[PDB]
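In case it helps, the deposited numbering puts the sequence shown at residues 97 to 153, 157 to 229. For every residue, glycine included, the Cβ atom is placed at its ideal position computed from N, Cα and C. Let me begin by presenting the structure, written as structure tokens, before commenting on it.
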Amino acid sequence: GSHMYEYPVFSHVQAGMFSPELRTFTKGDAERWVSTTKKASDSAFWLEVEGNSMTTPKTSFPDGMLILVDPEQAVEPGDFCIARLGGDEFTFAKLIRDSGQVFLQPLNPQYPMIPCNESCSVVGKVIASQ
Ligand SMILES: [Ca+2]
Ligand SMILES: [Ca+2]
Ligand SMILES: [Ca+2]
Ligand SMILES: [Ca+2]
């Protein structure tokens, strides 16, 4: 007699003009809720992938896919995550170790890898998709 879960879907828009991979949360409550078997913290939420920066040329997050983000789970190289850059804008990428260096790597080679040091902090771990 297990249980299923449903988390809020949060909206976000392109942060800049020529950087679609950079997002910003929109003002407003959640209007949509998506279910999953994935047990997560009460801070967890979904984000709709909008674009192809995470679409591979076999893990791949095509445009339109929903991803479950849990701010309460620890992230390490190898995990996919949401990272805040600058303090207000965020991006969805794989956290990796490039020759010992920590970078955010989009799955679509067309987008640049970004260092995660000072103006970079992890928002949450991606733990599921729909
Ligand atoms: Ca909590
Ligand atoms: Ca779309
Ligand atoms: Ca570990
Ligand atoms: Ca899935």
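| request: Kindly indicate which residue of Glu144, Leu203, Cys219 and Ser220 has the alpha-carbon position closest to the one of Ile213. | output: Of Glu144, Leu203, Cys219 and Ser220, the smallest CA-CA separation from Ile213 is found for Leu203.
| message | Measuring CB atoms only, is the segment 106-113 touching the segment 136-145, in the sense that at least three cross pairs come out at less than 8 Å? | response | Counting C-beta pairs with one atom in each stretch, the segment 106-113 and the segment 136-145 have three or more that are closer than 8 Å, which means they touch.
| Which stretch, first to last residue, makes up the beta strand (DSSP E) that contains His108? | Where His108 is concerned, the enclosing beta strand (DSSP E) starts and stops at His108 to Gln110.
| Buried/exposed call for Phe179, threshold 16 Cβ in 10 Å | Buried, since its Cβ has 16 or more Cβ neighbours within 10 Å.
| request: For the segment 112-119 and the segment 185-194, state whether three or more C-beta atom pairs, one from each stretch, are separated by less than 8 Å. | output: By the Cβ test, the segment 112-119 is in contact with the segment 185-194, since at least three Cβ pairs between them sit closer than 8 Å.
| said: Suppose contacts are defined by Cβ-Cβ distances below 8 Å. Is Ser228 in contact with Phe160 by that definition? | reply: Contact flag set, yes.
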